[PDB]
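Enquirer: sequence, then structure. It's an experimental one.
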Amino acid sequence: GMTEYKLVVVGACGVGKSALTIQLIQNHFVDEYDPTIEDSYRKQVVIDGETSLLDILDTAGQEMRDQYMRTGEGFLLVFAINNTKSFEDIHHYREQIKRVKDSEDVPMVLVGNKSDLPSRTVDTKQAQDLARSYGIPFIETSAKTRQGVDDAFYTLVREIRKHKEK
Ligand SMILES: Nc1nc2c(ncn2[C@@H]2O[C@H](COP(=O)(O)OP(=O)(O)O)[C@@H](O)[C@H]2O)c(=O)[nH]1
Ligand SMILES: *CCC(=O)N1CC[C@@H](O)[C@H]1C(=O)Nc1ccc2cc(Br)ccc2c1
Ligand SMILES: [Mg+2]
């Protein structure tokens, strides 16, 4: 078949991992999705003239994924800009990914979600500082308005291509 990308969306509970994925796939915004559900989804996309099938694992909790973490090609590190703890927790998710791959050079994109919400507690400069330290892009998103959602997933695809021939 066509080119495939194995994508993994990780981050603390409630940051909008499902919302972002549902947005990419169903083109709408869900207000409540079972935070316990962990599942895979497919999306055919055309990115830079390439017809791609995205294979996306939406993680839930931490206590299928084992294989997806070992074989995942790129990762969205998602926090919510109104959840300081979720931002602080990014470190743990990145370290997890590093340890599995035994590599510092894993395709990743830092995602700051819920941009539609007033009075953020995590400023863009904090987010940019962290992404800069990791050597990865930072993209601000809203799963509610869909701003940045395509940017995040397309950018991760391009990061994967930069890392390996597809
Ligand atoms: N206002 C707003 N709410 C969001 C956004 N993304 C997710 N949510 C909401 O935050 C809550 C958690 O979303 P969810 O997708 O379940 O987070 P998950 O546990 O990481 O999958 C839901 O009520 C969503 O409706 C967003 O971009 N803006
Ligand atoms: C697992 C997701 C979760 O519990 N989260 C995400 C970040 C935090 O906001 C936390 C909450 O949802 N916390 C929370 C606190 C007070 C609430 C009051 C009411 Br009336 C309804 C929901 C609340 C959620
Ligand atoms: Mg979820």
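Expert: Happy to help now that I have it. Numbering: from 1, shown residues only. Ligands and ions are numbered 1, 2, ... in the order given.

Enquirer: from now on I want contacts and neighbour counts done on CA atoms only, so please keep to that.
Expert: Will do.

Enquirer: may I have the lengthiest helix in the chain as CSV, with CA atoms only?
Expert: For the chain, the helix with the greatest residue count under DSSP state H is helix 149-163. What follows is helix 149-163, C-alpha atoms only, in CSV (Å, rounded to 0.1, in the frame of the first residue of the first chain):
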residue,chain,number,x,y,z
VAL,A,149,-4.2,21.1,14.6
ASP,A,150,-3.2,20.3,11.0
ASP,A,151,0.1,22.1,11.6
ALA,A,152,0.9,19.9,14.5
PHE,A,153,0.3,16.6,12.7
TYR,A,154,1.8,17.7,9.4
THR,A,155,4.9,19.1,11.1
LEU,A,156,5.4,15.8,12.9
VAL,A,157,5.2,13.9,9.6
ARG,A,158,7.9,16.3,8.2
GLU,A,159,10.0,15.8,11.3
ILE,A,160,9.8,12.0,10.7
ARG,A,161,10.9,12.4,7.1
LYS,A,162,13.8,14.6,8.2
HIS,A,163,14.9,11.6,10.4
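
Enquirer: just give me how far that helix sits from the chain centre.
Expert: 10 Å (C-alpha atoms, centre = their mean, to the nearest Å).

Enquirer: any part of that helix near ligand 1?
Expert: No. On the criterion C-alpha under 6 Å from any ligand atom, helix 149-163 is out of touch with ligand 1, staying 9.3 Å away.

Enquirer: please point out which parts of that helix sit buried.
Expert: Going by neighbour count (16 or more other C-alpha atoms under 10 Å), the buried part of helix 149-163 is 149, 152, 153, 154, 155, 156, 157, 159, 160.

Enquirer: do the same with stretch 25-41
Expert: Using 16+ other C-alpha under 10 Å as the burial criterion, the residues of stretch 25-41 that qualify are 29, 40.

Enquirer: now do that stretch: distance to the chain's middle.
Expert: Between the mean C-alpha location of stretch 25-41 and the chain-wide mean there is a distance of 14 Å, by C-alpha atoms, centre = their mean.
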